[PDB]
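The chain below stands alone and is given in structure tokens; this is the form deposited in one PDB entry.
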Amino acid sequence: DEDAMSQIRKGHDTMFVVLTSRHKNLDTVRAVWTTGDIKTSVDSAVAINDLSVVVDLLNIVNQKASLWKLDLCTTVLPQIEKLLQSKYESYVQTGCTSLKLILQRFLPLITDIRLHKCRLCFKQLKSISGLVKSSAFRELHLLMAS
């Protein structure tokens, strides 16, 4: 049938342009990532303003909590908030995964207290708390009970 092939060809141009751009953007983030500077690497992705690149980056760093430093949380937490409001369920889950890692790794010590880093980190966590209040979000609400 000719219509089904026409169905396939419609979305091709979009796919090609989207995958090429994200690949360029990923190359930029990886060129900084290979420096060893995780923070500037994530700051680079955020500056690129491409959320799909932030999701790919978070899926990577979320696998190793020992890569996270307190400084990185002040950059990530605004993205988590962005991701928690996404229409895509996979974007929301990446946000929950990252937020869990931050809560479990960093919420103590942040409580026990650079003081500005904890101060900034805490207010970011407070606005996210409000968002989670209004499943993954139920568990997160229990995790942010403070």
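Just count from 1 along the sequence shown to find any residue number. Take the two forms, find the largest set of C-alpha atoms that superpose within 1.5 Å, and that set is the rigid core. Residues that one form lacks are left out of the comparison.
The same protein also has a form solved in complex with a partner chain, omitted here; what follows describes it.
S.K.: Does the partner chain come within 4.5 Å of any heavy atom of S127 in the deposited complex?
M.R.: Output for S127 is no: heavy atoms all beyond 4.5 Å of the partner chain.
S.K.: So in the deposited complex, is the partner chain close enough to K10 to count as touching (4.5 Å, heavy atoms)?
M.R.: Although the partner chain is absent here, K10 would touch it in the deposited complex, with heavy atoms inside 4.5 Å.
S.K.: Test of understanding: in the deposited complex, would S135 fall inside 4.5 Å of the partner chain by heavy atoms?
M.R.: Contact with the partner chain, no.
S.K.: Taking only shifts of 2 Å or more in Cα after a rigid core superposition between the shown form and the other one, tell me which of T34, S90, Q85, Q104 qualifies.
M.R.: So the only displaced C-alpha belongs to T34.
S.K.: Over in the other structure, so in the deposited complex, do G36 and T28 pull closer or drift farther apart at the C-alpha level? The difference is 3 angstroms or more.
M.R.: More distant in the deposited complex, by 3 Å or more.
S.K.: With the rigid core held as the fitting reference, name the runs of three or more adjacent residues whose C-alpha atoms all move by 2 angstroms or more between the shown form and the other one.
M.R.: Only one moving run appears between the shown form and the other one, namely 34 to 37.
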